[PDB]
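Listed below, chain by chain, are the residues.
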Amino acid sequence: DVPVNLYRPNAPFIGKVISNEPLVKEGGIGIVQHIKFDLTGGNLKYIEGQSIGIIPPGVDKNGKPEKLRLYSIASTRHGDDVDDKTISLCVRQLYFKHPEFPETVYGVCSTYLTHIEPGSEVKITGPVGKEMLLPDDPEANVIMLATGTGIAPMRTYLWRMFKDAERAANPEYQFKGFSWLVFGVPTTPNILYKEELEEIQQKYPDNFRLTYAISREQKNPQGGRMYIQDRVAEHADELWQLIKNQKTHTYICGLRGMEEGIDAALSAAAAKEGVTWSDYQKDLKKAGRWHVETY
Ligand SMILES: Cc1cc2nc3c(=O)[nH]c(=O)nc-3n(C[C@H](O)[C@H](O)[C@H](O)COP(=O)(O)OP(=O)(O)OC[C@H]3O[C@@H](n4cnc5c(N)ncnc54)[C@H](O)[C@@H]3O)c2cc1C
């Protein structure tokens, strides 16, 4: 039922770049690009929460061909234009390292993607993943805890739930539950998809709550920079109350490291009612209601 491995690394789909647009506004940190690919001429289909592989050109330091890197799909199954013809990614350029020659390290696949030109042919594999799927139940509550590019699967869920053209295309999914996105980024210009996220909250105030953790602009009560874990702590009792509902799903996505703080916050909330969060969470994971993709 769920499409998986329609294309594999030995014989990838060759897609064409339609557009490559910047998501970090002036004054932000780093480069994150929204890249849309043309799927016509192949049979790549996918659903919300899945990933695709991209195989970048070139060889590694040992002269071996570069292998695929996975990227969370950032578009709904219908693509950004709701035409079933495209797929989009949300790609951050990876960079790092200290003063030792050569000092500048640029990630191979992310540099390739973030600098890619419209018209370029790209090797795509997948789709893959069954851990980040959105329930078919339109009355589900959906908690979304994202940092940076971890917004990608959240965009797929939220667009499907709330975009006019999506609602028109999906007669069997008219979302009437409650969704809450807690989104951590360093600056306001780094709020990926800010305008569209805020448009959704304005239009659906009873079905969508938007909470930011902006590290360079906000401080937690302890005086440290504000991170997602701090917002989860701030709203721990509330989030726990929602998690107790049999129909609530929670999604966590982004660079590894935020899970520990999230668990600590929820553990303290649950303990007040005699619940050991780590046990409850194991049961949630087994039930398919606790969804994590960190990298
Ligand atoms: C399921 C999944 C979903 C993903 N979704 C997205 C997404 O939506 N958007 C996105 O941008 N990325 C996403 N990623 C990450 C992506 O797959 C790549 O790993 C990333 O883009 C970097 O690869 P690259 O070739 O640029 O870097 P590569 O050249 O592989 O370089 C990566 C290497 O950098 C080395 N390194 C050394 N020091 C550091 C350091 N301080 N910080 C980081 N690396 C260091 C590590 O050894 C690492 O293996 C996802 C990954 C997974 C597994």
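Residues numbered from 1 in each chain as written, not as in the entry; some residues may be left out. Heavy atoms only, no water.

Its PDB header attributes the entry to X-ray crystallography and lists the resolution as 1.70 Å.

A side chain of one charge can pair with a side chain of the opposite charge when the charged atoms of the two come close. All told, the structure shown has 12 salt bridges when counted by the stated rule. Residues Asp283 and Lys286 are paired through a salt bridge, measuring 2.8 Å at the closest nitrogen-oxygen approach. Of this pair, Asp283 and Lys286 both sit in helix α8 (residues 277–287), 3 residues apart, which is roughly one turn of that helix. (Salt bridge = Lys/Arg side-chain N within 4 Å of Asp/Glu carboxyl O. Helix = DSSP H or I, 4+ residues; strand = E, 2+ residues; numbered from the N terminus.)

This part covers the packing of aromatic side chains. Ring pairs (aromatic) are described by centroid distance and by the angle formed between their planes. All told, the structure shown has 12 aromatic pairs when counted by the stated rule. Between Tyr173 and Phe175, the ring centres sit 6.2 Å apart and the planes meet at 35 degrees, which makes this aromatic pair tilted. Taking relative accessible area as the criterion, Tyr173 reaches 3% and is therefore assigned buried. On the basis of an interplanar angle of 85 degrees and a centroid distance of 6.0 Å, the ring pair of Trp240 and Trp277 is categorised as edge-to-face. Highlighted residues: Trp240 in helix α6 (residues 236–243) and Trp277 in helix α8, separated in sequence by 37 residues. By relative accessible area, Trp240 is classed as buried at 1%. Each residue in the set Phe162, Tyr173, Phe175, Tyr204 and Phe208 is aromatic and connected to the rest through ring pairs, giving one cluster. (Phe/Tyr/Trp six-rings, centres within 6.5 Å; stacked < 30°, edge-to-face > 60°. Buried < 20%, exposed > 50% of the residue type's maximum accessible area, 1.4 Å probe, protein only.)

Together, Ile29, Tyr95 and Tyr106 make up a nonpolar patch on the protein surface, roughly 310 Å² of accessible area in all. Examined against the element boundaries, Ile29 turns out to sit in the loop between β1 (13–22) and β2 (32–38). Judged by its relative accessible area of 32%, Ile29 falls in the partly exposed class. (Patch = residues over 30% accessible without salt bridge, like charges linked within 9 Å, V, L, I, M, F, W, Y side chains within 5 Å. Areas by Shrake-Rupley, 256 points an atom, 1.4 Å probe, with all protein chains shown as cover.)

For the rest of this paragraph, the subject is the nonpolar core. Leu158, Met161, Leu181 and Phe183 are the most contacted members of the largest nonpolar core, which totals 35 residues. Looking at this core, the elements with two or more residues in it are β9 (141–147), α2 (151–162), β10 (179–185), α4 (194–203), β11 (208–214) and β12 (248–254). With 8 residues, the single largest contributor to this core is α2. Each of domain 1 (1–128) and domain 2 (129–295) accounts for three or more of the residues forming this core. In contact with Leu181, not counting residues within four places along its chain, are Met144, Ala146, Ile151, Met154, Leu158, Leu197, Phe208, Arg209, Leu210 and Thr211. (Core = buried A, V, L, I, M, F, W, Y, C linked by side-chain atoms within 4.5 Å. Domains from an automatic or database assignment. Contact = heavy atoms within 4.5 Å.)

Here we have 6 strands laid out as an open sheet, ordered β4-β3-β8-β1-β2-β5, and antiparallel in their pairing. Single-partner strands in this sheet number two, and they are β4 (69–72) and β5 (86–92). The sheet shows a mean angle of 40 degrees between the axes of neighbouring strands, taken without regard to direction. (Pairing = 2+ DSSP bridges. Axes fitted to C-alpha atoms, helices over the stretch in contact; angles between N-to-C directions.)

The next subject is the pairing of strand β13 (residues 290–294). Among the 5 residues of β13, 4 are classified as buried, and the element is accordingly described as predominantly covered. Pairing analysis gives 5 bridges linking β12 to β13, with the strands arranged parallel. Each residue of the ladder has a partner; that of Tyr251, found in β13, is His291.

To continue, consider helix α7 (residues 259–271). In this model, α7 (13 residues) spans 18 Å end to end at C-alpha, consistent with the 18 Å of a helix rising 1.5 Å per residue. By the burial criterion, the buried members of α7 are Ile262, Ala265, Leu266, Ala269 and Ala270. Buried residues of α7, seen end-on, are gathered within an arc of 130 degrees and therefore sit on one face of the element. Buried residues belonging to α7 abut β9, α5 (228–234), α6, β12, α8 and β13. (Expected span 1.5 Å × (residues − 1). Arc of directions from axis to C-beta.)

This brings us to the side chain of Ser110. You can see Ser110 is positioned in helix α1 (residues 108–114). The class for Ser110 is buried, based on a relative accessible area of 6%. One polar contact links the side chain of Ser110 to the main-chain amide nitrogen of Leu94, over a distance of 2.9 Å. Those residues in contact with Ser110 that sit more than four places away from it in its chain are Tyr71, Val91, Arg92, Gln93 and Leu94. (Polar contact = N/O pair within 3.5 Å; in protein donor to acceptor, adjacent residues only side chain to side chain.)

Before going further, it helps to spend a moment on the domain arrangement of the chain. Considered domain by domain, the chain is made up of domain 1 (1–128) and domain 2 (129–295). Each partner contributes residues to the interface: domain 1 has 30 residues there, and domain 2 has 29 residues. For the pair domain 1 and domain 2, the summed buried surface comes to about 2,300 Å²; carbon and sulfur atoms form 59% of the total. For domain 1, the biggest contributors to the area lost against domain 2 are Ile29, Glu48 and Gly49; these three give 22% of the whole. The tally of links between domain 1 and domain 2 comes to 1 salt bridge. The partner of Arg155 in a salt bridge is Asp80, with the nearest N and O atoms 2.8 Å apart. Counting across the domain 1 and domain 2 interface gives 10 residue pairs in polar contact. Of all the secondary structure elements, the ones that give two or more residues to the side of domain 1 that touches domain 2 are β2 and β5. Across the side of domain 1 that touches domain 2, the residue classes tally to 13 nonpolar, 11 polar and 6 charged. (Buried area = accessible area lost by both parts, 1.4 Å probe. Nonpolar A, V, L, I, M, F, W, Y, C, P; charged D, E, K, R; others polar.)

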